[PDB]
Structure formats: C-alpha cells, structure tokens
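Here is what each chain is made of, one letter per residue.
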Amino acid sequence: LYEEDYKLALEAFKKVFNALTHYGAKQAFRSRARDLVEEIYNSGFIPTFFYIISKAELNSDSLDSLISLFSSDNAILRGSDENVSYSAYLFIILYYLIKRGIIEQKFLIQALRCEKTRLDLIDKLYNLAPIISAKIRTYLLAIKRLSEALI
Amino acid sequence: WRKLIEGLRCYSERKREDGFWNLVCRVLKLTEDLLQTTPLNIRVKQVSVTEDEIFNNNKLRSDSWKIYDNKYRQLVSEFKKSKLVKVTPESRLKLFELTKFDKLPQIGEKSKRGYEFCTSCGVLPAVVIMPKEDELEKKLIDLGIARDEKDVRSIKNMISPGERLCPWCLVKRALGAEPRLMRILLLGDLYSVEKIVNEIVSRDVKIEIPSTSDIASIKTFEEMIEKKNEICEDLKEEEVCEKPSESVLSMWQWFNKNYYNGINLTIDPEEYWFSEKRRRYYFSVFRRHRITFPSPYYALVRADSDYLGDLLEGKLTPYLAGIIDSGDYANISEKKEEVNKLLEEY
Amino acid sequence: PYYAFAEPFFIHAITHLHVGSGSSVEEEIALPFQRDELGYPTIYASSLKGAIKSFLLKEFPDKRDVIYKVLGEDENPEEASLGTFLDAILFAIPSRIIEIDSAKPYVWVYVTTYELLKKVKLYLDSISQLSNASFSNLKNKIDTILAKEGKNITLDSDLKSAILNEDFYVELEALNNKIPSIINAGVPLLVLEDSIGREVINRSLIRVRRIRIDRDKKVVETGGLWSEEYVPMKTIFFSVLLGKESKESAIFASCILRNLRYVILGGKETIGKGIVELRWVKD
Amino acid sequence: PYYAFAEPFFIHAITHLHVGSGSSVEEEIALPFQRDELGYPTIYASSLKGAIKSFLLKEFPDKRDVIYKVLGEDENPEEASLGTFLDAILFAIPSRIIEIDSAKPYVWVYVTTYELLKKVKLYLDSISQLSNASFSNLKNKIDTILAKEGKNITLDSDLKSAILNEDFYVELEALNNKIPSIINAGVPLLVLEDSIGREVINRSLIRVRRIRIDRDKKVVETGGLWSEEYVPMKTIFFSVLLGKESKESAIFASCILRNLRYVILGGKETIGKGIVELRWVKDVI
Amino acid sequence: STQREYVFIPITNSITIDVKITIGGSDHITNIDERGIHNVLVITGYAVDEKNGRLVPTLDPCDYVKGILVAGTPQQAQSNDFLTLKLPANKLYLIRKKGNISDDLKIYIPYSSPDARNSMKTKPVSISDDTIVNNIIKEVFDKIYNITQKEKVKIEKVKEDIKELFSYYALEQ
Amino acid sequence: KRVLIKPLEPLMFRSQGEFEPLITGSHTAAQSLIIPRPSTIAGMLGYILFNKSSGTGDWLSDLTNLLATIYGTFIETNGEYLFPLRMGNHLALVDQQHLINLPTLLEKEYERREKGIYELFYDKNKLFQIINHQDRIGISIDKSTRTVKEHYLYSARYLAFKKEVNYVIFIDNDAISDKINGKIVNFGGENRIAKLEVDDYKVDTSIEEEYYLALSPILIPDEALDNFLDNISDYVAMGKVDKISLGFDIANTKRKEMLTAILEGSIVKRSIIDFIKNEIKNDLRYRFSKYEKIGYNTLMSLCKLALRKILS
Ligand SMILES: Nc1ncnc2c1ncn2[C@@H]1O[C@H](COP(=O)(O)OP(=O)(O)NP(=O)(O)O)[C@@H](O)[C@H]1O
Ligand SMILES: [Mn+2]
Ligand SMILES: [Zn+2]
C-alpha cells in the first residue's frame, strides 16, 4: 500500500538537509524526526500540529518562503531559529496532504491566504487527524530514518 | 558392461565367504537375464564428409576451410533434435511377467505387496530385501541373506537394515565394496577379465568412501585430533582413538592426509554421535572438552559452465550471457550491434 | 457410503498458535507458520489429524480401538482410516481497529478476504447438496457476501470507515441491510478486497524475535537469536471431518466428537502456543 | 485431565518492568513493551518461562533435576518439558485518578477493560476442561462483571465520576455495591469500556527518555539517546502454569511453587526493572 | 441463418470500420461475458499487413491471424478481395468455446492477394502499449458490440485477455 | 459424458516407489505427479462403483467390469483447457492453440526449432501460473518423549493449485454418470480429497492427422520393446519414454505391473498406431483392450479436440 511514499519523500523534502545549513536547526531537524513521531502517536496528531504551527512565523514569510517550494527549487531556509526551519516541516506535512488527496490544493492554497480560512483549515485537519496520522506514519518514519542515516 | 558384470561375478565367487560377497553371488545367478541389459543407454550420432566437399580435384577449395564449422553444426543439430525424446534405461527391461506373475527372485524378505521398490533406485523392483532393524540375525539366518553370525556383520556392513536393492543398484553396492573391479573397464582390450580378478584377490585393499555423516562430522573429527590423547583418555575404549588396524586408504584427500593422527576416521558417526542410543554420552564428552557438537548438515556444491556448447560452436552467448540469447541466433540480423562490437574488438 | 456424512468445524484459537513448517518461506521469519498456496496461514490436515488423534488417545484411553479405526493404526497400518480432515483454512483473523464512525466502540475486528471466503465456500458447496447434513444457511450467507467481491465490505455493522491494524485506512459498506452473523462472537466481520485484506492480515500475525541467554552471565549466546510467527489468539480456521459409513464412526461422532471443545495443535506448547477450541457447525 | 496441575496466578509488578518486544516493526519507541493482539501490554510466556526457570535454577540448587524435568533440559534436550506457561494477560493497570464527589478520595485506581476480562475467562474456561481444577470463584466473579459489558463500572467503590490519567473524564456505575474484591487490595477496580480503556491504559504506560553521557566531558555522546517503555508498579498480569503427571510435577506443584513469591522478569534489571511478585490464585481467592 | 465476418486485429487502428451500421444481424457467436473473449478464432497460414491494412498470407501454421467473427457485410464497396466461404462450423476452429454452434456458417474475411514484391519478413508482435490499446474499447468492442458497457463493469479482465488473445506475424515492409 | 474432478486441497500422486521409514538413518521423500495417471482415475471411479463378488484377480478385469472407455485427463481451469507437453526431462502445460504449429516447429531447422520449443517451455508454459509444488515436511512423534522419532521425517511435494483447477475425463456410459454425481472421493495419495461433477458433452473421435498428443501413457507391450527402442524416431517426435508401474491394487494390496510407456505430453507420430496393432498377439490384445478401457492409450491431435484410442 505504502511503497511510493519513499518516492514521495524525495520530491516533497526537496531540501531539509543541505540548504538547512549551519548545523543548528539543521541537525536539530532530527529532534523533529524522532520526538514528533513519538509525539504524534502517543499524544495525538492535533497536539503536535498545534505545537508545530505555534512555532510557525505565518506572516507571509512563513507563508510564501514555503509555497515557493511548490514551484521552483531548493529554498535555503536560514531565516531565524526553528520557525523557517519549522515552516518547512509544516510544508512537509501539508505536501503529503496535497500529494495524497487528503486535502486538495485549491483549499489549502486558499486556506493559507485569508487568515479567515486558516481556522477551518485546522478545524478540518482536526477531523482528518485519525486518517492522517495512520497514513503519514510510514512517510514520516521515512524521513526519521533519513535523519538517522544522513541528517 | 557385460565384461564388468561377469568379472564381478568371478571376483565374488572367489569370495564365497564374508557373507555380503556370498549374497552377491547368490542373487547374481538369479538375475542374469535381467542384468543382461546395461543400466545406462548411450546415443551415437555420426556425420559424413567426402572429397566432393573439400577439393577442386587437385587442391583445397574456398569455403572448404569452413567445412568443419558446417559438419560440426550438423552433428550438434542432430544431437539437439534427438534429445527431444528421453528414454530411460529402465524402460528397456522386460518386467511385465516378472511382476505380474511373481517371477522375481525375492532373496531376502518377502513383500506383502507383490514386489518392493528399490530404495536406491526408486523405480526398479527390489531383489535383495533387508529386514528392518528390530531383530536381524534371527531373521537374516532363517531367510537366505546370511549363513552364520560372522557373515551378518559383513552384510550389515554394506546393506543397512531396511535397504531394498534392485539388481542394478545392488551391483552398484557390490562395486562399491571394493572399487578395483573398475580395471575391467578402465583398461579394457589390454588384460584378461581374469588377470584383474587375480590381481585384486591377491593384494587385498579396502577403501573407505565417506558417507554424508563423515562429511557433516569433518570439523568434529578435526577437533578431536587436536586433542589426540587429551580426549582419548576420557574414552580410551571405543576405538575412536584406537590404532589404525589395517592400511586402509581412500580417495578423500582430507581422510587421506589425516588418518595417522590418533583418531580412527573410519568410524560411522551414525554409530557414535548421530546415534539414538549414544550421542548423549557423546554430548557430555564433547561438552567436557570444548568440542562444538557437530551439525547434521553438509554442502552439496554443484557447478556447470555457461554456454560451453555454444562456445564449442563458436557462438557469442558465452561472451554476452543474457544480452545475446541463443534464440537470437535464428535470425541474428536483429542484434547486429553487440556482435559487431565484440567480434571486431576480438 | 464412501464419505456419507461430514462435520465442518471452526478452529478458534484460545492462545496463539504455531503450527511449524521448518524454514519453508522466503520471509524474514526463521520459524514461519504453515502456509497456504496464497501465502495465508494454514493448518495441514496431517498436523490437525495427528494432534487430534494424540489428544483423543490420551483423554479416551479406553476408546483406543474406535480412535484407531477412525484415524489409523500405528502398526498393522493395513487398514485405511475411515475418517479424514481437510486442510484447515483461515476463515477470519482479528485485527486492531481504529474506527472513525458508527458511534459504537470497537477496538478489534474480524477480518477476511474474498479468497479465503472462496475456499470456504468451496469446502462448503462440496458437502451440503452432496452429503445429507443440512446447514445451507451458512452457504447462503457466504454466497451473499461473495456477491460483492472487489470492495471492502463490512458485515453486521454501521462502521463505514476505520483504520485497520494501525496502518490502513479503509472505507466500508454494509451488505444489504442486515444478515445473521457467520460467527457467534459478537464482533463485526469485515471482508476486504483481496489486496488490502492480505496486508491487514499479514500485519495481524505475530512475528516475535526470541533469544537464548547465557545461563550464567545473563547475556545472549552468539547466534542465539531467531524469529517465530504465531497466528494470533482469537483467530478462526475452518476444516471438515469426513466420515466413511461404519459403526465405530457413529461411536466417534457420538461419544467422542460431542466432548471435544479444547485440544492442543501445533508446537511450542511450553510457551503455551497450542490451545484451540473446536466449534462444530451443528449448533 | 490433560494437565496434572493448573496453577493460575497473578503477576503484581513491584517495580516498573520492561519485557522487550522482538519485532522488525518500526515503532516510535526505540524499545517498546511486549504487545498482545489488541495492542495491550503482555508478557510472552517464552519470557515468563525463561525468567522463572533461570530464577528457579538458582533458588533451589538441589532440585535442578525436578526443574529440568518440568521446564526442560538446557543444552542437550532429550524430551519435551512437562510444564507449560500461558502468556500473561494484562489484568489491571494503575492509573492516576481525580475524583469529584468522594468521602475519602483516591489518587490512583485499578483500570481494566472488558476485552482483557474476556481473555481471562477464555483461559479459565479452557483450563477448567484440560484439568480437574474448577475455578468457580474467579469464573463467577468475572462472569458477573462481564454481564455489565459495555458500561464503565466501579466494581466496589462509589465514584460515579472521575478523571483518569489527567485526560479522560469517565462516568461510572456501581456494579452492585454487592461484590467482593477480585483481589483483596485497598484500591477500587474500574472496568472500562474498551475504546476509552485503550487510551487510559496507553496513558498508564511509562515512556522514558534515556541517554548515554561521555564520562570525560559530561555531555551526551553522539547516538546515545533513546526512548524506552515500562509498565508501572502495581500492574497486575494474569497467567497460568500447567503441568502433566510426572512425580516431578507433584513436587514442582508442592515444593517449588509454594516458595515462589518474588522473581525478576524482563530486562533492564541493573536499573531496578523487573522485580515482580507471584500470587497464586488458589491463595488469593 | 446468418453470415459472419472475420475481421483482423493488427497493431493498427485499421479496425475502426468494417460494417455500415452498428450491429445489424440477429445473433452473434463470439461473446464477451464476464470472464473471457469467448469463441474467438485463429486463422493460420496467413499474415497481417499493419499498414495497407488487409491480409498478406504466408503459408505455415507457424504463421497465424487472430480475428473475431462478427455479423456484417464488408463495407458494401468491396469483397472483390474479401473471401466469402461456408463451412460446417466444426472445421470452424474456435478458441475458448463457450456458446452455440450454428452449423451453417458464412464468413467475410478482410484480405488482399499477396502481390509478391518484397521479401516478406513476417515478424510477430504483442498487443500492448496500453495507450494504443485503451482507445480501442468503444470502436472495436462497442462499435459492433454495444453489449459491453451496457451490463459489463468487467472491462479490464476482458482487457487482460485482450493483452494476449490477439497475435500474428505482420508484414513490416 | 464429461466428468470434472475438482480437488478440494493440494493433492499427491506419488511418482516413485517406496515412501515409508524403512532405513533408520535417513529421511524419506516423495514428489507428486502433475497429471494423475489414468489408473488413478480408474481405480477411484471403481472404488465409487465397487462390487463385492467379482474378479479378485488381474484387477483390470473386474475394474473394466464397471467402466467405459475412459478418455485421458487434461486440465481445465475456468472453462479454459490446458494440455500437457513433455520434452527430455521437461513437462509443460500449454493450451489448445499453441499446439497447432508444433508439427512444423519440430522440423524447422536447428536454431529456429530450438528457439521455438525453448520459448514453448519457458514463456508459453502456464504450469507455474496455475500449479506449484507445495513442499510438506511431516514427522511422527513417539509418545514417550513427545519429540520426533529417530529420523522419522519425510518430505512430500504436494500439488498446490493457485486457482480453480479441474481434471477432465470423458466417459461413455451415462448410467455411470448419474451414479457418481457429486461424490466426495479420496482422489490420490495420502488421503487427499476431490469432488466429482458430471456434465454431458460432445466431442468427435475419428481423426487421423500425421501427429498426435498423448493424453495418457502409451503402454508398449514388452514384445515390441526392442522393436520399438531401436527406431524411436519413427513413433515419437518429442516427449519422454519411461518405465512406469500401473499403480497399486487395493482389493489385493499389491503393487501393479511395471511396463514401459510413453508419458503423456509426448508427441507421437501416426506410425505408432498400426505399429502397435501389427505387433501384438490376440492374448495380449485382450489385456491391452482393458488397458485402454481404463484410459492409458489416449491420443489427441494438435488441430482439434481429437479424442482417439490406439487399439480400438
Ligand atoms: N559441444 C559439446 N561438447 C562436449 N560436451 C558438451 C557440448 N555441449 C554441451 N556439452 C555438455 O553436455 C551437457 C549439455 O548441457 P547444457 O546445459 O545444454 O550445456 P551448456 O552449454 O552448459 N548449456 P548451459 O549449461 O545451460 O549454459 C553439459 O554437461 C555440457 O557440459
Ligand atoms: Mn554448462
Ligand atoms: Zn536400484
């Protein structure tokens, strides 16, 4: 069932290893990798998601310094402490969510463009949290093992 | 084939004692008209060539140089075509009346289902039937297998209890007893069928061919001979660590290079540490000496060359194995590229 | 005559089971289960008959002659046994369910594929209108289910959606409106598409590593590590016992088979891996 | 009687215990606990047997032949063991509680679900037939509890409302206020519905981050960090010990099994995990 | 009684039209019913011309042409070159026999005489490249057979057997 | 007319002789025949039709006293028909169509022909898509140790069908058909089970092509043996010639007669047919009449479903 997720990680990730440079918030990503996973199933998906969006800088910088990844190239994501190194992770999860038709782009792109629809974007993620948590599990453990090996 | 089987009959008649040789004599005389057939058929194909094909009436020719590569290929073609039908050497025998009408010689036990099948062959009926290991002498003697108590030990030495044998596989056992009868065939045309039997019955030599038990137990033997007496004093009694009595040698190089090293390599592991009455005593003995108890497994390693037939035919499937299929030669016009490349390189 | 009557029965696992097969597969397990042609867990008829015969010889030592007659004789085995077991085929395996819907709480569920039900119907059709014992309702249920092959069907439920074995989302749909349950354990059955059903099933099996510890220095001995595969507790198999007409076959069916709930199948019994409850399809 | 003796017993955790899982399953925890078919924690009787046998071979150094007979020779076996261990079912786990309207509150309570009780009833019914041991007390008490299946109940105490493990509000019904303790402890037993019970029990488990530290520079060594799952103190498992008629089994069932009270299970014992107490059901009912 | 027609099936989409109107005749013998392309037939000794789409024979049972037997008259503007013969239906060598034998058979066969000019390198080829094969559905299997996609939600298995049940040795030149 | 034998589980048609723990220090093994020999089907059907007052000698006497001319077995999966095909050591299942060009294929010149037959047995073969050997290792357990007995271990390569498989025979008499309908039988060795369903059919018989497919082992009368094994090219184009045993008779508990035979799937050249009739004595003709009643000399041709006996 899950055998293209390992293929999806390459062109979803696209860079959370190299252009995450300076080795602080670069190596720190592995803490995301392990902890969040144990966080995502011991504590739930929505608690971890609220935590991740908390660390998001959702102005337009951490709203477009990521939606630029949909289109162009590797995005050196220096910015500041893990808020741009954290909005790439929000991007990771939402990239899985769009490339697997759990939530479509036309909503996502529209949900992150008014701040009126961020709320019901999250309110809809809340209803999809069981299914989402079940489905991303292997797709996440993929990048967790990527981190163990490479990052 | 018949020279070998008759030389075997005479060598066995030279030994009417020893039980096993006597049983071999006793059943050979009952199975000659069945043992007439060779147990191994051969296929023979020839190909002709004449001066019409080689010479312009005084010299060589042009395309005469290729005449071999053509006749060889004709020969191999007929070989391939005849290999489309496999006949088995057992189909040659006449057994319908011998099985339908009980005619088979059943020296040994008697089947309660017509005839038995050979345990060594699988397809041919059994001639020599051995009782199961529950009480042999009290049966081996009232039956026709053995004559005394001394001869059972020599029959039981080659034919394990329960081993049914067809005439062919029984002849195989006979040859395995002393494999020096092979000079009836190995030389041929050179000495008589009786010169050799005299030579063999004169200089008696016994050979130890290793069983799978001997191969499985190689490292066990090897680890007992680096504790020559340090393990022997423990047993000192069961002939494992006792004298080499005769001068038995063998073709197994490891057996041959490790015989005069304290431990008797001609014991049967199925008797000592693969047995069901022993091997707990032997587990203790090996535990008390840092001896890794043997595994019951061996490696059967087979290997065949790749496309050596095509190679003798000068094909390129040896050179490009998988790229150029053999079927690709039927119309090689397709794969011009790889053949062009490698042939030109060469 | 010549397999007149038959007894189909369910093999309900009371503990885990391990009917072994050597190392007979290409998986990473070193002591796999006995496998069907479809890679599903099966119980060979040899094993089932041997275990049941051994158990019955122990717990009916006076009926030894009846049991010998029905199931065979150690020596003088020139008397064909007038009873036979078919291979036990996996009928349903428990699966962990994270359900999203139905307002009804469930934490585990029974799971099947359509291949399994196909073989069960094969066993079942080959008895009823041929033999005389009549339990056509079970066959009608299995046919009604097999009608819907090619889509995850829930049975006797209102689920409509679930996570199965923590790893697979599936969308379910009731059969028609309602149907008698094929099992009597009050737990939903799900029949799954033969492709996701087998992923769910091969994730429902228990594959453990095991260890031999150095008895003195409390560490693992070198190479003292292997894997084994147990069919989970509550798993259900299905088999049939076919009886040839005879007198002591009636004794078998009357005195013996009516006092067989629990037997021990498979191996690794010191681990406790063999207890089984036999439910005859006769209630 | 297929079995000569049937010894059901409880396994009261004294410290936190950690029986590790053998599995190629990639989980979140680096070293999870052993799981049954419902995801609940369990002890594979492989582990019970290995540990109890390694303990008995030392506590009773003279009776090593009785033990080798009932639990099998070690290095050169010639025979099947005569004793069988059943896998340890979770039976009750402790969970922190906050109550609303009590007289004298509690701060922790025993949590069981109906599925665990059903597995226990399966064990009891299966063993009542393979033996002469009819456990009327356990069986009838567990049947009375299972009658109320599908409704969270407090067995004895009168709680009517609680917050288990700081997260899960639960309403509760008295069973009848007219039923003794399954085990004569001082804490109430909460039989939960299964869906909420799964979450409560997962909260009662103990995940623990651990590290390795460079002795030189008192900083975490690279790679030295992992998580590790424990089962709390006071956790109660359930299992049965079963043996066949041997005259080494009558001894085992009368000399060896009356001097087993404390054993070390699982691993991580250098850090105190594993000490556990056996409570033979024939005594504690 | 009716008359049938053995239309060829090459790599080519020269099989979009053989008959004037959709179905026409009363009954058909070749069937597409839930588990196979039943009663297909394979003519031997011939070959297909993928371009210039007709038959281009090459006489040996090694060579063969696989075609379906439909009830229609050939385009009303030819059969100067199309064989029209009649056999007792048991010399009709049908693959995957399922249905009813008619015993009074009449066939039209798309074919052109060999007209030998080229060295006829006659090479076989699969029925694959799904982009080629999928658009064929409702113009070779629903232009004469409206019966499918009427009751059939079983198209991809009678596609599985399409992937193999046609085979030939084309012209290529 | 047609009788479909539907196995309910893997089957075992033992190919060799002894299968029992005779020698102590050795395991025993067995391998199943892909197609059950016609003696198996015959003895099964007879078992279904047994009488207690006939024969007792030369089993085929009172066996044929109950049967019709049974016509050899092939494989039907789902209405599809597969047919054996045999080479030197090889055995492949193929369907009706792939047999057409086979006469001309074996007379194609060297490389074309070898490529053809080699693709017929490694690309066109549908055996390993429908039938695979399921190795079943079994043991016996001594009730004193509850362990294995000494080396009482055996392998048995069973016959596992990946999809629905029937075995197809044709039977002449219809009173036999409606007395063996829906019978659960002990079809094969080591106690496996199969079901019998009967459906009346229609296939023609009288055909004489150049070649033939042997849907059953062609028995050679042991007086034509040397007259057959000198000129093998005259009668079989490809296949296998083997010593076989006719099976094992149940009423008398004996092993049946060993005869040379041409295994099924071998292609025989029409020269075979009269070659048998002209080289057999009436007293052996009477025996081989029954040998054909049970189904041993059955020929299909590569063009149509051409059922044909040899003597009859
Ligand atoms: N031209 C030849 N001369 C002598 N021996 C041959 C010749 N061709 C084949 N053999 C031997 O006869 C047997 C033929 O088996 P085969 O496997 O077809 O040979 P091959 O060329 O090795 N094909 P393969 O092994 O599959 O690559 C083998 O034992 C070959 O070593
Ligand atoms: Mn080679
Ligand atoms: Zn032999």
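Residues numbered from 1 in each chain as written, not as in the entry; some residues may be left out. Chains lettered and ligands numbered in written order. Part of a larger assembly, values for the part shown. Heavy atoms only, no water.

Method information in the entry identifies cryo-EM as the source of the structure, with 2.68 Å recorded as the resolution.

**Notes on the overall build of chain D**
Looking only at helices and strands, one finds seven helices and 14 strands in chain D. On C-alpha atoms alone, chain D measures out to a radius of gyration of 20 Å, which is about the 19 Å that the 2.2 N^0.38 rule sets for 285 residues. Considering only C-alpha atoms, chain D reaches an extent of 60 × 60 × 35 Å along its principal axes. Counting every position in chain D, which comprises 285 residues, the buried fraction comes to 54%. About 12000 Å² of surface is accessible on chain D, with carbon and sulfur atoms providing 50% of the total. Computing the positive centroid from 36 side-chain charges and the negative centroid from 40, chain D places the two 3 Å apart. (Helix = DSSP H or I, 4+ residues; strand = E, 2+ residues; numbered from the N terminus. Rg over C-alpha atoms; globule rule 2.2 N^0.38 Å. Buried < 20%, exposed > 50% of the residue type's maximum accessible area, 1.4 Å probe, protein only. Areas by Shrake-Rupley, 256 points an atom, 1.4 Å probe, with all protein chains shown as cover. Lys, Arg positive; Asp, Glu negative; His and termini not counted. Charge placed at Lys NZ, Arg CZ, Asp CG, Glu CD.)

**Topic: the overall build of chain C**
On a plain count of helices and strands, chain C comes out with six helices and 14 strands. The C-alpha radius of gyration of chain C comes to 20 Å, within 12% of the 19 Å expected for a compact globule of 283 residues. With the C-alpha coordinates of chain C rotated into their principal frame, the extents come out at 60 × 60 × 30 Å. Relative to its full complement of 283 residues, chain C shows a buried share of 59%. Taking all contacts inside chain C whose residues are at least 6 apart in sequence as the whole, residues at least 24 apart take part in 70%. By element, 49% of the accessible surface of chain C is carried by carbon and sulfur atoms, the whole surface being about 11200 Å². (Contact = heavy atoms within 4.5 Å.)

**Some details on the coordination of the zinc ion (ligand 3)**
All names here are of chain B. Bound to the zinc ion (ligand 3) on the protein side are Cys118 (SG), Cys166 (SG) and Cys169 (SG), at distances that span 2.2 to 2.4 Å. Ordering the donors of the zinc ion (ligand 3) by residue number gives the pattern C-x47-C-x2-C. Highlighted residues: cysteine 118 in the loop between α5 (96-100) and α6 (137-140) and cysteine 169 in helix α8 (residues 167-177), separated in sequence by 51 residues. Exposure class is identical for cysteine 118 and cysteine 169. Each is buried. (Donors = N, O, S within 2.8 Å, 3.2 Å for Na, K, Ca; no water.)

**Some details on the side chain of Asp5(A)**
Residue and element names in this part refer to chain A. Mapping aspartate 5 onto the fold places it in helix α1 (residues 5-13). Owing to a relative accessible area of 1%, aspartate 5 belongs among the buried residues under this scheme. If near-sequence neighbours (up to four positions away) are discounted, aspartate 5 is found in contact with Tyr96, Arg100, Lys135, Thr138 and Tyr139.

**So, the sheet that holds strand β1 (residues 4-7) of chain E**
Residue and element names in this part refer to chain E. Taken together, the six strands give an open sheet; going across it, the order is β8-β10-β1-β7-β4-β9, and neighbouring strands pair in mixed fashion. In the strand order of this sheet, the two ends are held by β8 (83-85) and β9 (94-95), each with one partner. Sheet analysis places β1 next to strand β10 (residues 107-109), joined by two bridges and oriented parallel. Opposite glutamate 5, over in β10, you have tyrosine 108 as the bridge partner. (Pairing = 2+ DSSP bridges.)

**Side note on the nonpolar core**
Counting residues in each nonpolar core, the largest one holds 244 residues, and the members touching the most others are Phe238(D) and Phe252(D). Tallying contributions element by element places helix α5 (residues 84-99) of chain A first for this core, with 13 residues. If we skip the residues at most four places from it in the chain, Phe252(D) touches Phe5(D), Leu56(D), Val66(D), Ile67(D), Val70(D), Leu71(D), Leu241(D) and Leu257(D). The next biggest cluster of nonpolar side chains, apart from the first, holds 72 residues, and it includes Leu45(F), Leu82(F), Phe228(F) and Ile273(F). (Core = buried A, V, L, I, M, F, W, Y, C linked by side-chain atoms within 4.5 Å.)

**A short note on the interface of chain C and chain A**
With eight residues of chain C at the contact, the number on the chain A side is eight residues. Roughly 660 Å² of surface becomes buried between chain C and chain A when both sides are summed, with 70% attributable to carbon and sulfur atoms. Our count for the chain C to chain A interface comes out at zero salt bridges. Of all the secondary structure elements, the ones that give two or more residues to the side of chain C that touches chain A are β8 (168-170) and α5 (196-204) of chain C. A per-class count over the side of chain C that touches chain A returns five nonpolar, no polar and three charged. (Buried area = accessible area lost by both parts, 1.4 Å probe. Salt bridge = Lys/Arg side-chain N within 4 Å of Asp/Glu carboxyl O. Nonpolar A, V, L, I, M, F, W, Y, C, P; charged D, E, K, R; others polar.)

**Digging into the site of ligand 1**
Residue and element names in this part refer to chain B. Ligand 1 sits among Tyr72, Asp304, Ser305, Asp306, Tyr307, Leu308, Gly309 and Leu312. Interatomic distance of 3.2 Å between a backbone N/O atom of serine 305 and an oxygen atom of ligand 1. Residue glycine 309 places a main-chain N or O atom 2.9 Å away from an oxygen atom belonging to ligand 1. If ligand 1 stood free it would expose 590 Å²; the protein chains cover 43% of that surface. The element that contributes the greatest number of residues to the shell around ligand 1 is helix α17 (residues 308-312), accounting for three residues. Looking at side-chain class alone, the shell around ligand 1 contains four nonpolar, two polar and two charged residues. (Near = heavy atom within 4 Å. Polar contact = N/O pair within 3.5 Å; in protein donor to acceptor, adjacent residues only side chain to side chain.)

**Brief notes about the packing of aromatic side chains**
Two aromatic rings are characterised by how far apart their centres lie and by the angle between their planes. Taken as a whole and judged by the stated rule, the model has 56 aromatic pairs over all chains. Ring geometry for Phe91(A) and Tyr95(A): centres 5.4 Å apart, planes at 85°, overall edge-to-face. Residue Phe91(A) and its partner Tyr95(A) are located together in helix α5, separated by four residues, close to a single helical turn. Taking relative accessible area as the criterion, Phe91(A) reaches 6% and is therefore assigned buried. Between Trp273(B) and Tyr282(B), the aromatic rings sit 6.2 Å apart at their centres with planes inclined by 75°, giving edge-to-face as the arrangement. Note on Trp273(B): relative accessible area 0%, which makes it buried. By way of ring pairs, the aromatic residues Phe221(B), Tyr272(B), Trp273(B), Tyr281(B), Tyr282(B), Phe283(B), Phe286(B) and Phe293(B) are connected into one cluster. Just above the ring of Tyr230(C) sits the side chain of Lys273(C); from NZ or CZ to the centre is 5.4 Å. Looking at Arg258(D), its charged tip hangs above the ring of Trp280(D), at a distance of 5.7 Å from the centre. (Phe/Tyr/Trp six-rings, centres within 6.5 Å; stacked < 30°, edge-to-face > 60°. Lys NZ or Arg CZ within 6 Å of the ring centre and 35° of its normal.)

**Quick word on helix α4 (residues 136-147) of chain D**
Residues and elements named next belong to chain D. The terminal C-alpha atoms of α4 lie 16 Å apart, and with twelve residues this matches the ideal 16 Å at 1.5 Å per residue to within 8%. Among all positions in α4, only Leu138, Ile142, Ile145 and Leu146 are buried. Viewed end-on, α4 has its buried residues packed into an arc of 95°, placing them on one side of the element. Buried residues in α4 make contact with β1 (5-13), α3 (114-129), β5 (153-154), β9 (189-192), β12 (236-243) and α7 (281-284). (Expected span 1.5 Å × (residues − 1). Arc of directions from axis to C-beta.)

**Side note on unusual backbone geometry**
One non-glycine residue, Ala25(A), adopts positive backbone phi at about 80°. Along the polypeptide, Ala25(A) turns up in the loop between α1 and α2 (29-42). Phi at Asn177(D) is positive, roughly 55°, even though this residue is not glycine. Residue position: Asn177(D) is located in the loop between β8 (173-174) and β9. For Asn177(D), a relative accessible area of 42% translates into the label partly exposed.

**Considerations on the sheet that holds strand β2 (residues 71-76) of chain F**
Residues and elements named next belong to chain F. Sheet architecture is open: seven strands sit in the order β4-β3-β2-β7-β1-β9-β8, paired in antiparallel fashion. The two strands at the open ends of the sheet, each matched to only one other strand, are β4 (91-95) and β8 (183-185). When strand polarity is set aside, the average angle formed by the axes of neighbouring strands in this sheet is 35°. Across two bridges, the pairing between β2 and strand β3 (residues 81-86) is antiparallel. Looking at the pairing, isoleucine 75 lines up with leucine 82 of β3. (Axes fitted to C-alpha atoms, helices over the stretch in contact; angles between N-to-C directions.)

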